[PDB]
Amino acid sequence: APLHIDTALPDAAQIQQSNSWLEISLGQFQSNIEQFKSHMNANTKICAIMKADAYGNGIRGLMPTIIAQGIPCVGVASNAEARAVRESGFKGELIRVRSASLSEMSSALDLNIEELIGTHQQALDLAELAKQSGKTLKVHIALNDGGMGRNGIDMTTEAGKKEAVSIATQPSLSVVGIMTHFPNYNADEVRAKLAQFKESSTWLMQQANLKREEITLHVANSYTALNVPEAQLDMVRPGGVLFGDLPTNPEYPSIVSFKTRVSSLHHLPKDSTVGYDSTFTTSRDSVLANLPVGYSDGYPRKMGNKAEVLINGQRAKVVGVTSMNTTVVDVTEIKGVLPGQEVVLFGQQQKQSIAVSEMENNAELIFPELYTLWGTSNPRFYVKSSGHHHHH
């Protein structure tokens, strides 16, 4: 992960001289949050999950919305993300959503992170950091009832139960949450595992003399929070749906668009090869648009000869394999194309749209594999537009 998340929001001139960039719809983000909120039970609260620099969309540009919306908790993965969240002025609960090294945890003490632990050694290490800093550190215990086999303690054996109790009774730590996480979007499996989580967490709280009313039980990602409402419990952990990436729930549109512009227009006669390995050959006299985007910007090699981009409201085929920095598009039958025109690589333009399913099939990746690396490799511009006195 990036060591530092750049502090400045790109301005319009900076975007103008960028090769490619992300346009983030702040109004769509606001709307997705409000829509999500409308489905949450009275007794739950929201922890907005902002790992991978807010799913590529950018923590620094999005935090003012999180604050305005009064969201009480934010989740992150890296220390740089935790810093960006605190630097926005956010004074709510900040949780880490993964296991983190002792070095990570120690360097983050001033950020007031609630770490996520699933092993005795993590508890011992944090207890020592607590002792050395003259305080009690707040932690969440990850349980393995969901079957992720990832950050949690499995309690299906005597040894696992014993280890869980040791975690939960560690001197110098305050257990503020107990959680699990589900591996798929199968509502019936989630319900079965939720029941087991209730049993395990109840048992653990009894053994460790924890007080139920002081513990936040949380298990739900975006899918679960909306589609298994009885799993909302004390707190939900939506990430993807806020950003409009919950495949089961298309009523939350994606907030991200990936754009570039036409740099130059080149005339190539019939029977001309394009790109490394000469995988495409023109069948007619052609006009090709040269775009200064390639796989080092996160537009994969596999897009070549498969994907279309949008130029002047029309679909144009990407021809030849993508280069490291450049993509070539066939604009022979698109009229009105000129250098400098905006190109949509993912998103909408006039009446055309590139679907997520379209991106995934062409890239042979899942959508978050694309957008998380878009976000480390391109500047973000936060577009704010609607009608009167309204966000979207």
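A residue's number is simply how far along the shown sequence it sits, counting from 1.
*Higher mean Cα B-factor in the deposited model: 153 to 161 or 139 to 147?*
Stretch with the higher mean C-alpha B-factor: 153 to 161.
*Do the C-alpha atoms of 15 to 23 or of 380 to 388 have the higher average B factor in the entry?*
Comparing 380 to 388 with 15 to 23, the higher mean C-alpha B-factor belongs to 380 to 388.
*When you compare the CA B-factors of 350, 31, 323, 57 as listed in the entry, which one comes out on top?*
Each of 350, 31, 323, 57 was compared by C-alpha B-factor; the highest is 350.
*Of the choices 65, 44, 35, 327, which one's C-alpha carries the largest B-factor in the record?*
Among 65, 44, 35, 327, the highest C-alpha B-factor in the entry belongs to 44.
*By the record's CA B-factor, is residue 3 among the lowest, middle or highest third of residues in the chain?*
Its C-alpha B-factor belongs to the middle third of this chain's values.
*Of the three thirds of its chain by CA temperature factor, lowest, middle or highest, which one includes residue 338?*
Highest third.
_Among the modelled residues of this chain, does the Cα B factor of residue 105 put it in the lowest, middle or highest third?_
It falls in the middle third of the chain.
*According to the PDB entry, is the CA B factor of residue 280 in the bottom, middle or top third of its chain, that is, lowest, middle or highest?*
It belongs to the highest third of the chain when residues are ordered by C-alpha B-factor.
*Please rank the C-alpha B-factors of the chain's modelled residues and tell me whether residue 302 sits in the lowest, middle or highest third.*
Answer is highest: the recorded C-alpha B-factor places it there.
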